[PDB]
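Each remark here refers to the structure printed beneath this line.
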Amino acid sequence: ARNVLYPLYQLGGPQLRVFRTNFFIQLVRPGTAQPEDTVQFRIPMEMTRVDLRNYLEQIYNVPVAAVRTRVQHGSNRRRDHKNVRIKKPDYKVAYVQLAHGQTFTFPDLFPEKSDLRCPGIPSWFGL
Amino acid sequence: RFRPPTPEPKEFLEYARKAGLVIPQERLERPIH
Amino acid sequence: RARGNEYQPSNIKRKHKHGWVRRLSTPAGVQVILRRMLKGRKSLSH
Amino acid sequence: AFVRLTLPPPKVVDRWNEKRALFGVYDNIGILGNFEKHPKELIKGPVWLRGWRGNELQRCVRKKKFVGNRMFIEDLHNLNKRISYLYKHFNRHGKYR
Amino acid sequence: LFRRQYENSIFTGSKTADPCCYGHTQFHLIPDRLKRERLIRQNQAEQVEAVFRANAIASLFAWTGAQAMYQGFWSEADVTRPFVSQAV
Amino acid sequence: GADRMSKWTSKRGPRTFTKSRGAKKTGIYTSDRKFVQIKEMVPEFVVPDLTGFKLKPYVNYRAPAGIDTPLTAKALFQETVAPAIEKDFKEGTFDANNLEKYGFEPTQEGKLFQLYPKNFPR
Amino acid sequence: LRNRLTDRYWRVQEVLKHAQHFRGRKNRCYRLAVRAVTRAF
Amino acid sequence: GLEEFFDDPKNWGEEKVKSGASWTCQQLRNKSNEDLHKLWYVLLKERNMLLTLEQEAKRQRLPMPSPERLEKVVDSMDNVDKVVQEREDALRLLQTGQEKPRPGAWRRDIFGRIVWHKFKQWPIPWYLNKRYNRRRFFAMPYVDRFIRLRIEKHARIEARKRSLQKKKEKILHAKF
Amino acid sequence: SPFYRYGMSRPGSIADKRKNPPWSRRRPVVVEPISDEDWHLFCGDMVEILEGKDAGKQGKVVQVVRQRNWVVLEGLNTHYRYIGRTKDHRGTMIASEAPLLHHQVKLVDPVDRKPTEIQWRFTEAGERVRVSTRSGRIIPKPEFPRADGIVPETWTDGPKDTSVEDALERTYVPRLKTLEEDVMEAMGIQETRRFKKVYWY
RNA sequence: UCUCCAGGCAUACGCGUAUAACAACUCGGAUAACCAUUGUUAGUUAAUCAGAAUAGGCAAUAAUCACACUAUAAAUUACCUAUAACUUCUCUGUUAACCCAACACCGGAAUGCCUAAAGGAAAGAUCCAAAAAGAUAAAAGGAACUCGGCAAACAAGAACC
RNA sequence: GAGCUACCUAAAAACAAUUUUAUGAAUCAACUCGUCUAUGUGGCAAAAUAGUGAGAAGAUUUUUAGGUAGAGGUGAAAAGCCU
RNA sequence: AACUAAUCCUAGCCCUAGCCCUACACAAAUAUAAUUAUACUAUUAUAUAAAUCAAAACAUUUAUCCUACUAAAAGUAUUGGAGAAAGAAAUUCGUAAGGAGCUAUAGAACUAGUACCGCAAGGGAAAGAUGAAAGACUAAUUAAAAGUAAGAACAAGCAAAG
Ligand SMILES: [Mg+2]
Ligand SMILES: [Mg+2]
Ligand SMILES: [Mg+2]
Ligand SMILES: [Mg+2]
Ligand SMILES: [Mg+2]
Ligand SMILES: [Mg+2]
Ligand SMILES: [Mg+2]
Ligand SMILES: [Mg+2]
Ligand SMILES: [Mg+2]
Ligand SMILES: [Mg+2]
Ligand SMILES: [Mg+2]
Ligand SMILES: [Mg+2]
Ligand SMILES: [Mg+2]
Ligand SMILES: [Mg+2]
Ligand SMILES: [Mg+2]
Ligand SMILES: [Mg+2]
Ligand SMILES: [Mg+2]
Ligand SMILES: [Mg+2]
Ligand SMILES: [Mg+2]
Ligand SMILES: [Mg+2]
Ligand SMILES: [Mg+2]
Ligand SMILES: [Mg+2]
Ligand SMILES: [Mg+2]
Ligand SMILES: [Mg+2]
Ligand SMILES: [Mg+2]
Ligand SMILES: [Mg+2]
Ligand SMILES: [Mg+2]
Ligand SMILES: [Mg+2]
Ligand SMILES: [Mg+2]
Ligand SMILES: [Mg+2]
Ligand SMILES: [Mg+2]
């Protein structure tokens, strides 16, 4: 969970449990070409790769073998009408390699596939 | 010194046609009569 | 020699010379921040 | 020069509103009221110049006397500097000695 | 798999002047990070053997290849004799 | 010529400059630079069994909404604690000392979930 | 700007009408037209 | 599985998708704490699917079908979050009487302002921490002038603000 | 934004974001402020046009822009325009309604159709109701279709929509336990370790 | 494909999306093509590259292939004694033709490897006037030029105040 | 305000080939410097270009971080340098 | 027979009057190279304001600056290179929302302490204009500035005057 306090842990302390999770993730189509097992996610910047593994395995029951993450810099070059820089939010991209030989390919959503001889005179006139 | 280059923005259609835009259709709140 | 390139950027030097922690170190530097807050500056320090 | 190309909206002055109609009443409150009140007590304005008149240097000093200690820092700085500007002009500069 | 630019080296375990220019056997110890228990925990149980195979192919290809270039064989003069080595 | 307005992040500066993006720590760095992850420090997602659950994301437009009555301590106290104390007072088995009997906790220390200072996340 | 001169247009026209038959910028530019008109007078 | 990140296969490509009303707070209050815990994850899976569909629409440069569905989901999660917050708040008040879950205090900073300070968790007491003792919760006398300048600056803004409202009503009364 | 001018097009629509771009600084429109209590015109109320092109013609309200004190009547105060104009085709001629200010219209008595001024007053139950200034009478609040197009009576829930009774079922049992404790007990999680001392400061 | 030129590839520092695709053809490139421009969408993936327990006791003998060899400017946590803990992988950097010089500035810019296998194009079309700038050749003479052998030279040697 | 420059502190770097010797020695690159002439003079450049030159194992050059501040600092004294 | 242009009215502002204030606003982050969830290295204004300037130089001195109720006593007593200048008291008196202000080069610098300039302290802009309705296709009004175009010039000269 994000924007919440985690109890400080000291030797012998309990397990840290989050009953309701503030993390929301979205599955995105890869920009470059990825192995069939690999899956891309966009995740909140405060999520760790450990969080994604347990998040997917428990909420969605997806067996995960590896997770890789990167932080993408958002562009700050576009300027508004007052010449003030506009910021695209920075985000974190997670690469999930499925386990058990399982394969996934992004689905294809949105499968949907007068008279030339009397010019300039209104035709309504019957005279 | 100098003055800044404000881009200084029947015209919206050209603006969005050159730039390209996603114009989602809108449900008319009042039905046309 | 050609002048005009007296600025040799370095983030370590910049944050040490004009940074938040540096400005608060002495009372005169704290008053630098107080002036800028009163003026309304968007950037109090580097 | 350039001039307006259309006439400005007509200006209407109502001459018999309450303020205009009853203007000047109770100005002889003294002679017609046994002198309990002076007419200068009926003036509404800044505290330092009710029933008083002076040149700019005199007005600056009198404002300082009345509200000087309740003024803002920036205003008191400007007021004090205006006094010194006017003092040096009226006492050192001019055609007549 | 990540790219870097640094010295290119072909080595068999000794320099070309060394008379012992051939290979008999290599013994490899897998790091604890790749051992059986950790892989099973990570749910990559099918990779337990894969770790062994990858190390041999890379380890032996480099060692058998490096021996060949100690004998003068390269991509434009391909080996006339198969070069053999084994590893555990 | 440095940019004073953009946010200071770990992407900027020399290699030595590093700082976090807001992710919570999950372990400790020992001497000689060994990272030791602590299992308890890693959050656990407690997910319930949703089999046979009748509630779905959206609701009937035909379902009447209710008048808002935000919960107050008085309303909570009356619903839960008033029935016992009132019945006990009639029975006469009541005293100030035994408020724990009705659910009062003199102190939060020793509880896994403490209401103040809060020691659990949402 | 409590008080601003509002007749400058007609003041300019007075000098200009006496200069319209000159050649050059003397016939249209007040600063040059004014001097040329006086010499004519 | 990963199938849950996408809508029903039939719905793909459809111009619109029918959705019901979002949960209101009062309806949620009827449900038990255990039910809300399950209902949260039901909403979360729907939210992830809608966030997923929103991005794919942008990638394809197409309008997102029935974008109101996302708004309804976000509202319900706020209501579920709110109702649970109320229940904890009342229970905290009854057993402790505290108005905030987190400790804090009113403190004056080195610039002479009064700011609420939110406490942090440490393993050692405050008098032994050397990183805490560098932080100053007091202002030296050279701040006194700047304190007055703020009050006078604020007084000017409010006086201007009152004056303008009076002028605006004059325009209304003349117009009407 | 202080300069956003309210128009007939709904706020946030493509037309609105072109009629009111961020850089627009048009002159404010002067609106006689009207209290939420004072305002008495509602969608579906029949009203009469006091003056104008269609003065004396009664109509039905279909839209209200309260920021402009506007009431829009169906089929009245209509000028003509082309909709769907394209390069190849002219479009279709239609009559477009224009806004009418509140003071240019009056509400209509139901039984006797006349422009009766009304006054707000409570009832026996206590609900606020409009009453005619003359011929004192209850003008009922009319029913207007929902803006989003959702008719509850016709609505039939599809998948992912909770059924009525299930939404209205009561399962809450008041107790002095947080949501955290309830779930752990219900799910049977056991934790006997306790957090060490933390010095909040 | 041809003709010709000869500091290129990495890292550090710095910069901060200029990266890539598409669509645009207003603004930006000192012009066009095309885009470095505008809008939209994407991107940089690391346990090895790179970044971020306590208390005592004690040290004579450089480096340079370290041997010989001398020298002078005299020159780099370890090992022990006790205590304590008793299986760990999270976080962050990773794009580009890039930076400092108001500019797509003939300037400035550290290190490793290598010297053409890498990287590049001096001419928009035409015309061959003066004056101006640069390169090459010189009949006979050889400082007569000039403030002065300045500049240039098939010279670059010798001496003296 | 010492990210330029003057000087300093700490931690680091670079110097091929050739001859002498055993070196603030020699020839000459990289590198540092800027002698003389021409071009340029709102220029490529608010001090450059092209040639020609001086040093090039040292009082050498270069990199990174720190220090000294205007009644002052620094100075192999040019009243030089301190954006 | 028109291009470049021009016209415009309200965004706000100004001075008073009145008035102590109790605006200090979700979660989270931040004094670490601020805005980086936990130990390491702990934390702290200032001794007298000076000078310009006046004294036609300058060297003691030079109103306000460096505030203690109004009107009078009074520019009086006094103080002073007895020069320039400075200047009391005793005592008496005292019960109370507006504009012959600005209207886009004006009024606040302000559409903004932003863009931009500067290593930093710091400096610091410019501008808008349809209508009841744009779910009426975003209007009109003007021989009107300089500048041009329509329409290069035709012995001889402060360019005009008779
Ligand atoms: Mg990484
Ligand atoms: Mg500069
Ligand atoms: Mg430098
Ligand atoms: Mg590109
Ligand atoms: Mg293109
Ligand atoms: Mg582009
Ligand atoms: Mg490393
Ligand atoms: Mg790269
Ligand atoms: Mg140029
Ligand atoms: Mg090549
Ligand atoms: Mg070329
Ligand atoms: Mg040519
Ligand atoms: Mg020659
Ligand atoms: Mg010859
Ligand atoms: Mg001669
Ligand atoms: Mg001679
Ligand atoms: Mg010569
Ligand atoms: Mg330095
Ligand atoms: Mg050498
Ligand atoms: Mg030498
Ligand atoms: Mg030499
Ligand atoms: Mg020499
Ligand atoms: Mg020196
Ligand atoms: Mg000398
Ligand atoms: Mg200087
Ligand atoms: Mg004097
Ligand atoms: Mg003096
Ligand atoms: Mg202004
Ligand atoms: Mg201004
Ligand atoms: Mg003209
Ligand atoms: Mg003549």
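By convention here, the chains of the structure tokens are called A, B, ... in the order presented, each chain's residues are numbered starting at 1, and ligands are numbered starting at 1 in the order presented.
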
When you look at stretch 13-16 of chain A with a cut-off of 7 Å (counting only C-alpha atoms (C1' of nucleotides)), what residues show up, excluding the ones that are within fewer than 4 positions of it in the same chain? I need them as a compact mmCIF listing (two decimals) with N, CA, C and O atoms, in the first residue's frame.
# COMPACT_ATOMS: atom_id res chain seq x y z
N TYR A 9 9.71 -2.12 12.24
CA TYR A 9 9.95 -3.51 12.60
C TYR A 9 11.27 -3.62 13.35
O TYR A 9 12.27 -3.03 12.94
N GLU F 40 9.47 -10.69 7.60
CA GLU F 40 8.39 -9.96 8.24
C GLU F 40 8.26 -8.55 7.69
O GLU F 40 7.16 -7.98 7.71
N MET F 41 9.35 -7.96 7.20
CA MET F 41 9.31 -6.61 6.67
C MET F 41 8.64 -6.52 5.30
O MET F 41 8.37 -5.41 4.84
N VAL F 42 8.35 -7.65 4.66
CA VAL F 42 7.79 -7.67 3.31
C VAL F 42 6.28 -7.81 3.44
O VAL F 42 5.81 -8.79 4.05
N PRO F 43 5.48 -6.89 2.90
CA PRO F 43 4.04 -6.93 3.14
C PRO F 43 3.40 -8.20 2.58
O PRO F 43 3.84 -8.75 1.57
N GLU F 44 2.35 -8.65 3.26
CA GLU F 44 1.59 -9.83 2.87
C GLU F 44 0.18 -9.41 2.51
O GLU F 44 -0.50 -8.75 3.30
N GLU I 191 -1.28 -14.80 14.87
CA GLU I 191 -0.04 -14.07 15.07
C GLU I 191 0.11 -13.80 16.56
O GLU I 191 -0.71 -13.07 17.14
N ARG I 193 3.30 -12.87 17.92
CA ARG I 193 4.38 -11.92 18.13
C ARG I 193 3.82 -10.51 18.24
O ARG I 193 2.76 -10.19 17.69
N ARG I 194 4.53 -9.66 18.97
CA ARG I 194 4.09 -8.30 19.23
C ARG I 194 5.21 -7.32 18.93
O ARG I 194 6.38 -7.61 19.18
N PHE I 195 4.84 -6.16 18.39
CA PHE I 195 5.83 -5.17 17.99
C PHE I 195 6.60 -4.65 19.19
O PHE I 195 6.04 -4.44 20.27
N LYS I 196 7.90 -4.44 18.99
CA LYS I 196 8.74 -3.87 20.03
C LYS I 196 8.42 -2.39 20.22
O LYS I 196 7.71 -1.77 19.42

Exercise for the section: Could you give me, as a list in words, the residues within 9 Å of residue K:69, counting only C-alpha atoms (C1' of nucleotides) and dropping anything in the same chain fewer than 2 positions from it? Expected result: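 Everything that qualifies: residues 1, 2, 72, 73 and 82 of chain K.
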
Practice task
May I ask you to write as an MDAnalysis selection string all residues lying at most 10 Å from ligand 31, with only C-alpha atoms (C1' of nucleotides) and all ligand atoms counted?
Solution key: chainID L and resid 156:157 159

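Near residue C:39, within a cut-off of 12 Å and counting only C-alpha atoms (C1' of nucleotides), sit the residues residues 32 and 33 of chain C; 146, 149, 150 and 153 of chain H; 109, 112, 113 and 122 of chain L, with same-chain residues fewer than 6 positions away left out.
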
Practice task
Could the residues of chain B within 9 Å of chain H, counting only C-alpha atoms, be given as a ChimeraX atom specification, please?
Solution key: /B:21-25

Exercise for the section: Enumerate, as an MDAnalysis selection string, the complete set of residues in stretch 2-86 of chain A that a backbone-based DSSP assignment places in strand (DSSP E or B). Expected result: chainID A and resid 17:18 26:28 38:43 64:72 79 85

Handout entry: Within-8 Å residues of ligand 20, basis only C-alpha atoms (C1' of nucleotides) and all ligand atoms, as a ChimeraX atom specification
Key = /K:25-26,55-56

Could those selected residues go to a file with N, CA and C atoms (P, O5', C5', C4', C3', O3' and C1' of nucleotides), as a PDB file, in the first residue's frame?
ATOM      1  P     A K  25      66.475  21.204 -18.018  1.00  0.00           P
ATOM      2  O5'   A K  25      67.279  19.999 -18.677  1.00  0.00           O
ATOM      3  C5'   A K  25      68.470  19.504 -18.085  1.00  0.00           C
ATOM      4  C4'   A K  25      69.527  19.203 -19.117  1.00  0.00           C
ATOM      5  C3'   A K  25      69.049  19.047 -20.553  1.00  0.00           C
ATOM      6  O3'   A K  25      68.821  20.274 -21.222  1.00  0.00           O
ATOM      7  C1'   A K  25      70.443  17.243 -20.024  1.00  0.00           C
ATOM      8  P     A K  26      67.615  20.396 -22.277  1.00  0.00           P
ATOM      9  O5'   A K  26      68.154  19.650 -23.575  1.00  0.00           O
ATOM     10  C5'   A K  26      69.442  19.930 -24.101  1.00  0.00           C
ATOM     11  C4'   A K  26      69.760  19.050 -25.284  1.00  0.00           C
ATOM     12  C3'   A K  26      68.664  18.915 -26.327  1.00  0.00           C
ATOM     13  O3'   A K  26      68.600  20.013 -27.220  1.00  0.00           O
ATOM     14  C1'   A K  26      69.511  16.779 -25.810  1.00  0.00           C
ATOM     15  P     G K  55      62.690  25.250 -26.501  1.00  0.00           P
ATOM     16  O5'   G K  55      61.809  24.680 -25.306  1.00  0.00           O
ATOM     17  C5'   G K  55      62.025  25.108 -23.971  1.00  0.00           C
ATOM     18  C4'   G K  55      60.976  24.559 -23.040  1.00  0.00           C
ATOM     19  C3'   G K  55      60.907  23.046 -22.926  1.00  0.00           C
ATOM     20  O3'   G K  55      61.879  22.506 -22.050  1.00  0.00           O
ATOM     21  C1'   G K  55      58.737  23.902 -23.251  1.00  0.00           C
ATOM     22  P     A K  56      62.498  21.053 -22.338  1.00  0.00           P
ATOM     23  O5'   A K  56      61.226  20.097 -22.390  1.00  0.00           O
ATOM     24  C5'   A K  56      60.552  19.699 -21.206  1.00  0.00           C
ATOM     25  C4'   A K  56      59.275  18.963 -21.525  1.00  0.00           C
ATOM     26  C3'   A K  56      59.439  17.593 -22.169  1.00  0.00           C
ATOM     27  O3'   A K  56      59.600  16.565 -21.210  1.00  0.00           O
ATOM     28  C1'   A K  56      57.910  18.880 -23.431  1.00  0.00           C
TER      29        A K  56
END

Practice task
Return as a VMD selection string every polymer residue, whether protein, DNA or RNA, with at least one atom no more than 10 Å from an atom of ligand 10; count only C-alpha atoms (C1' of nucleotides) and all ligand atoms.
Solution key: chain J and resid 6 8 116 to 120

Residue contacts of stretch 90-92 of chain J (8 Å, only C-alpha atoms (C1' of nucleotides)) excluding same-chain residues fewer than 3 positions away, as a PDB file with N, CA and C atoms (P, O5', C5', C4', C3', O3' and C1' of nucleotides), in the first residue's frame:
ATOM      1  N   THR A  48       7.362  -2.523  -5.239  1.00  0.00           N
ATOM      2  CA  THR A  48       8.593  -3.255  -5.491  1.00  0.00           C
ATOM      3  C   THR A  48       8.302  -4.482  -6.348  1.00  0.00           C
ATOM      4  N   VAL A  50       9.104  -7.450  -5.513  1.00  0.00           N
ATOM      5  CA  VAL A  50       8.565  -8.438  -4.582  1.00  0.00           C
ATOM      6  C   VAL A  50       7.064  -8.244  -4.419  1.00  0.00           C
TER       7      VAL A  50
ATOM      8  N   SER F  10      17.261  10.713  -8.312  1.00  0.00           N
ATOM      9  CA  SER F  10      18.496   9.947  -8.402  1.00  0.00           C
ATOM     10  C   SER F  10      19.016   9.844  -9.828  1.00  0.00           C
ATOM     11  N   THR F  18      22.446   8.859  -4.869  1.00  0.00           N
ATOM     12  CA  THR F  18      21.332   7.942  -5.034  1.00  0.00           C
ATOM     13  C   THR F  18      20.289   8.241  -3.969  1.00  0.00           C
ATOM     14  N   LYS F  19      19.027   8.005  -4.315  1.00  0.00           N
ATOM     15  CA  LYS F  19      17.930   8.207  -3.380  1.00  0.00           C
ATOM     16  C   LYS F  19      16.713   7.463  -3.909  1.00  0.00           C
ATOM     17  N   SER F  20      15.781   7.178  -3.008  1.00  0.00           N
ATOM     18  CA  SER F  20      14.693   6.260  -3.310  1.00  0.00           C
ATOM     19  C   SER F  20      13.538   6.977  -3.999  1.00  0.00           C
ATOM     20  N   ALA F  23       9.674   3.658  -2.355  1.00  0.00           N
ATOM     21  CA  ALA F  23       9.397   2.273  -2.011  1.00  0.00           C
ATOM     22  C   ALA F  23       9.915   1.962  -0.613  1.00  0.00           C
ATOM     23  N   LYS F  25      11.454   0.049   2.564  1.00  0.00           N
ATOM     24  CA  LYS F  25      12.560  -0.883   2.722  1.00  0.00           C
ATOM     25  C   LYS F  25      12.057  -2.255   3.157  1.00  0.00           C
ATOM     26  N   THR F  26      12.773  -3.294   2.726  1.00  0.00           N
ATOM     27  CA  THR F  26      12.430  -4.671   3.062  1.00  0.00           C
ATOM     28  C   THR F  26      13.587  -5.433   3.696  1.00  0.00           C
ATOM     29  N   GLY F  27      14.691  -4.770   4.008  1.00  0.00           N
ATOM     30  CA  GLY F  27      15.827  -5.482   4.550  1.00  0.00           C
ATOM     31  C   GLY F  27      16.864  -4.537   5.111  1.00  0.00           C
ATOM     32  N   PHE F  35      23.121  -7.497   1.621  1.00  0.00           N
ATOM     33  CA  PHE F  35      21.716  -7.195   1.853  1.00  0.00           C
ATOM     34  C   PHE F  35      21.023  -8.412   2.446  1.00  0.00           C
ATOM     35  N   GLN F  37      17.337  -9.508   3.393  1.00  0.00           N
ATOM     36  CA  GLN F  37      15.903  -9.276   3.395  1.00  0.00           C
ATOM     37  C   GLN F  37      15.267  -9.950   4.601  1.00  0.00           C
TER      38      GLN F  37
ATOM     39  P     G J  51      30.747   2.167  -8.119  1.00  0.00           P
ATOM     40  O5'   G J  51      29.478   2.754  -7.356  1.00  0.00           O
ATOM     41  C5'   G J  51      29.127   4.120  -7.499  1.00  0.00           C
ATOM     42  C4'   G J  51      27.788   4.438  -6.881  1.00  0.00           C
ATOM     43  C3'   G J  51      27.647   4.164  -5.398  1.00  0.00           C
ATOM     44  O3'   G J  51      28.272   5.151  -4.599  1.00  0.00           O
ATOM     45  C1'   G J  51      25.685   3.486  -6.552  1.00  0.00           C
TER      46        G J  51
END

Exercise for the section: Kindly provide, as a ChimeraX atom specification, all nucleotide and amino acid residues lying within 9 Å of ligand 28, counting only C-alpha atoms (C1' of nucleotides) and all ligand atoms. Expected result: /L:104-110

Exercise for the section: Residues of chain G no more than 12 Å from chain D, counting only C-alpha atoms: send them over as a ChimeraX atom specification. Expected result: /G:5-13,30

Kindly export the residues of the current selection with N, CA, C and O atoms, as an mmCIF file, in the first residue's frame.
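Generated output (selection-v7.cif):
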data_model
loop_
_atom_site.group_PDB
_atom_site.id
_atom_site.type_symbol
_atom_site.label_atom_id
_atom_site.label_comp_id
_atom_site.auth_asym_id
_atom_site.auth_seq_id
_atom_site.Cartn_x
_atom_site.Cartn_y
_atom_site.Cartn_z
ATOM 1 N N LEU G 5 -5.394 65.070 -23.050
ATOM 2 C CA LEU G 5 -5.847 65.891 -24.166
ATOM 3 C C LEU G 5 -6.638 65.047 -25.158
ATOM 4 O O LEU G 5 -6.159 64.015 -25.632
ATOM 5 N N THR G 6 -7.855 65.494 -25.482
ATOM 6 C CA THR G 6 -8.775 64.718 -26.306
ATOM 7 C C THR G 6 -9.026 65.337 -27.676
ATOM 8 O O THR G 6 -9.831 64.803 -28.444
ATOM 9 N N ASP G 7 -8.356 66.441 -28.008
ATOM 10 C CA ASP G 7 -8.563 67.124 -29.280
ATOM 11 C C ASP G 7 -7.357 67.042 -30.202
ATOM 12 O O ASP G 7 -7.341 67.714 -31.239
ATOM 13 N N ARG G 8 -6.355 66.230 -29.868
ATOM 14 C CA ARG G 8 -5.118 66.243 -30.639
ATOM 15 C C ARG G 8 -5.366 65.960 -32.114
ATOM 16 O O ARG G 8 -4.604 66.426 -32.965
ATOM 17 N N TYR G 9 -6.420 65.211 -32.444
ATOM 18 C CA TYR G 9 -6.693 64.909 -33.845
ATOM 19 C C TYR G 9 -6.943 66.180 -34.644
ATOM 20 O O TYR G 9 -6.374 66.373 -35.722
ATOM 21 N N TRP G 10 -7.792 67.068 -34.124
ATOM 22 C CA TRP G 10 -8.142 68.274 -34.866
ATOM 23 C C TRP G 10 -7.013 69.296 -34.856
ATOM 24 O O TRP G 10 -6.903 70.100 -35.785
ATOM 25 N N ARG G 11 -6.180 69.295 -33.817
ATOM 26 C CA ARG G 11 -4.993 70.142 -33.828
ATOM 27 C C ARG G 11 -4.044 69.732 -34.945
ATOM 28 O O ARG G 11 -3.438 70.584 -35.604
ATOM 29 N N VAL G 12 -3.891 68.424 -35.163
ATOM 30 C CA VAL G 12 -3.022 67.935 -36.228
ATOM 31 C C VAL G 12 -3.609 68.261 -37.596
ATOM 32 O O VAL G 12 -2.883 68.632 -38.524
ATOM 33 N N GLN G 13 -4.926 68.122 -37.748
ATOM 34 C CA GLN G 13 -5.552 68.381 -39.040
ATOM 35 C C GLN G 13 -5.383 69.828 -39.474
ATOM 36 O O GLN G 13 -5.320 70.107 -40.675
ATOM 37 N N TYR G 30 3.558 65.378 -39.423
ATOM 38 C CA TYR G 30 3.302 66.639 -38.733
ATOM 39 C C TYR G 30 4.597 67.360 -38.387
ATOM 40 O O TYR G 30 4.698 68.579 -38.553
#

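Checking I:37, I:161, I:185, I:180 one by one against chain F, counting only C-alpha atoms, you find the shortest gap at I:161.
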
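Atom to atom, atom CA of residue I:10 and atom CA of residue I:44 stand 18.7 Å apart.
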
Handout entry: Contacts of residue L:85 within 12 Å, only C-alpha atoms (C1' of nucleotides), excl. fewer than 6 positions in-chain, as a count of residues only
Key = 7

Problem - DSSP-assigned helix (DSSP H, G or I) among chain A, expressed as a PyMOL selection string - result: chain A and resi 49-60

Output N, CA, C and O atoms for every residue in the selection just made, as a compact mmCIF listing (two decimals), in the first residue's frame.
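The resulting again20.txt:
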# COMPACT_ATOMS: atom_id res chain seq x y z
N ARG A 49 9.37 -5.07 -6.89
CA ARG A 49 9.20 -6.30 -7.67
C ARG A 49 8.73 -7.45 -6.79
O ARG A 49 8.04 -8.35 -7.28
N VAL A 50 9.10 -7.45 -5.51
CA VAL A 50 8.56 -8.44 -4.58
C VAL A 50 7.06 -8.24 -4.42
O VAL A 50 6.30 -9.21 -4.35
N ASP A 51 6.62 -6.99 -4.34
CA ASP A 51 5.19 -6.72 -4.20
C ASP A 51 4.41 -7.25 -5.40
O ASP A 51 3.34 -7.84 -5.24
N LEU A 52 4.94 -7.04 -6.61
CA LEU A 52 4.23 -7.48 -7.80
C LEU A 52 4.08 -9.00 -7.82
O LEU A 52 3.02 -9.52 -8.17
N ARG A 53 5.13 -9.72 -7.43
CA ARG A 53 5.06 -11.18 -7.41
C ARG A 53 3.95 -11.66 -6.49
O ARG A 53 3.10 -12.46 -6.90
N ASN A 54 3.95 -11.20 -5.24
CA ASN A 54 2.92 -11.61 -4.30
C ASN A 54 1.56 -11.04 -4.67
O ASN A 54 0.53 -11.68 -4.42
N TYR A 55 1.54 -9.85 -5.26
CA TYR A 55 0.30 -9.26 -5.73
C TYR A 55 -0.36 -10.13 -6.80
O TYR A 55 -1.55 -10.43 -6.73
N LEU A 56 0.42 -10.56 -7.79
CA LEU A 56 -0.13 -11.37 -8.87
C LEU A 56 -0.44 -12.78 -8.39
O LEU A 56 -1.48 -13.35 -8.75
N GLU A 57 0.44 -13.37 -7.59
CA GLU A 57 0.25 -14.75 -7.16
C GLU A 57 -0.95 -14.91 -6.25
O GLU A 57 -1.60 -15.96 -6.26
N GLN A 58 -1.25 -13.90 -5.44
CA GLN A 58 -2.33 -14.02 -4.46
C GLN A 58 -3.66 -13.47 -4.98
O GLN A 58 -4.68 -14.15 -4.90
N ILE A 59 -3.66 -12.25 -5.52
CA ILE A 59 -4.91 -11.68 -6.02
C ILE A 59 -5.37 -12.39 -7.29
O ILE A 59 -6.55 -12.72 -7.45
N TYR A 60 -4.44 -12.63 -8.22
CA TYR A 60 -4.78 -13.16 -9.54
C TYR A 60 -4.37 -14.61 -9.74
O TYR A 60 -4.72 -15.20 -10.76

Practice task
Step by step, measure atom-to-atom distances between ligand 1 and each residue using only C-alpha atoms (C1' of nucleotides) and all ligand atoms, keep those at most 10 Å, then write them as a PyMOL selection string.
Solution key: (chain A and resi 68-71) or (chain J and resi 44-46+91-94)

Problem - Contacts to ligand 9 at 12 Å cut-off (only C-alpha atoms (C1' of nucleotides) and all ligand atoms) as number ranges by chain - result: J: 29-30, 102-106; K: 42-45

Practice task
For chain J, list the residues within 12 Å of chain F, counting only C-alpha atoms (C1' of nucleotides), and write the list as number ranges by chain.
Solution key: J: 12-16, 44, 47, 50-53, 77, 85, 87-94, 99-101

Practice task
Fewer than 6 positions away in the same chain doesn't count, so skip those; otherwise give me all residues within 9 Å of residue G:28, counting only C-alpha atoms (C1' of nucleotides), as a ChimeraX atom specification.
Solution key: /G:16,19-20,22 /L:146
